[PDB]
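If you read the protein sequences in the order shown, they are chains Fc and Gd.
Heads up: the first sequence begins at 6 in the entry's author numbering, then just goes up one per residue.
Heads up: the second sequence begins at 2 in the entry's author numbering, then just goes up one per residue.
Where is the CB? At the ideal position from N, CA and C, for every residue including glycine.
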Amino acid sequence: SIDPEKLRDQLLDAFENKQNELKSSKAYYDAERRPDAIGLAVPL
Amino acid sequence: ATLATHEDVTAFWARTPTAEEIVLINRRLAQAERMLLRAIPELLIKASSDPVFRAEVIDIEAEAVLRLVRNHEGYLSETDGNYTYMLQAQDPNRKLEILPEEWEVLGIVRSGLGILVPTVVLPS
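#1: 9 Å is my cut-off, CB to CB: does residue 117/Gd come that close to chain Fc?
#2: Counting only beta-carbon separations shorter than 9 Å, does residue 36/Fc have a partner in chain Gd?
#3: Which residues bound the beta strand (DSSP E) around residue 57/Gd?
#4: What did DSSP end up calling residue 127/Gd once you bin it into helix, strand or coil?
#5: Residues of chain Gd with CB closer than 9 Å to the CB of residue 46/Fc, please, in chain order.
#6: Do residue 30/Gd and residue 11/Gd have their C-beta atoms within less than 9 Å of each other?
#7: Using the Cα positions of residue 47/Gd and residue 63/Gd, report the straight-line distance between them to the nearest angstrom.
#8: Using the Cβ count rule (16 or more neighbours within 10 Å means buried), how would you classify residue 9/Gd?
#9: Is residue 58/Gd buried or exposed, if buried means 16 or more other CB atoms sit within 10 Å of its CB?
#10: Cα separation between residue 125/Gd and residue 117/Gd?
#11: Under the rule that 16 or more other beta-carbon atoms within 10 Å means buried, what is residue 34/Gd, buried or exposed?
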């Protein structure tokens with residue numbers, strides 16, 4: 006029924022869209038820089 | 002011309018002025034009006050149609066000049082040996098100014114409790 010090439014396109018787009026969620030948990034396990042971790046009293 | 006007049010200043014200052022004191026009063030009135038306008042841009046508009054607000058601003062201009070033209074020569078005492086006077090110890094004033102209560106009459110009093118707010122830019 007469905008075309009494998011249109012299905013490959015449509016779910017490479019879904020795979021790429023998911024990576025923007027996963028980075029929000031990677032940043033805590035790898036201890037990347039986060040805006041919320043920066044203590045406010047420290048000079049710029 | 003100004004809203005108040007040398008006739009208004011002379012209504013409070015019971016001594017009738019000489020021509021030197023008239024030109025002084027005309028410039029001090031212009032300074033008092035210009036001082037009120039810089040605090041209240043609407044002044045001439047309010048005074049065009051509110052007849053009691055006219056009486057506020059005219060009597061306050063006349064007072065603001067009166068307290069500066071009263072005894073402007075700076076004499077304490079004077080005599081010719083047949084007549085003499087001396088005055089109460091008046092403040093030797095040198096500027097025109099409008100009182101905190103006169104700004105409250107004009108409706109623009111300011112409060113004496115204010116706040117300093119600490120601030121730091123939030124990160125990103």
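In terms of the structure at hand:
#1: no
#2: no
#3: Segment 52-70 is the alpha helix (DSSP H) holding residue 57/Gd; no beta strand (DSSP E) there.
#4: With chain Gd running from 2 to 125 in the structure shown, residue 127/Gd is simply not present.
#5: 121
#6: no
#7: 18 Å
#8: buried
#9: Residue 58/Gd is classed as buried because its beta carbon has at least 16 other beta carbons within 10 Å across all chains shown.
#10: Between residue 125/Gd and residue 117/Gd, the C-alpha separation is close to 25 Å.
#11: Counting Cβ neighbours within 10 Å, residue 34/Gd comes out buried, since at least 16 surround it.
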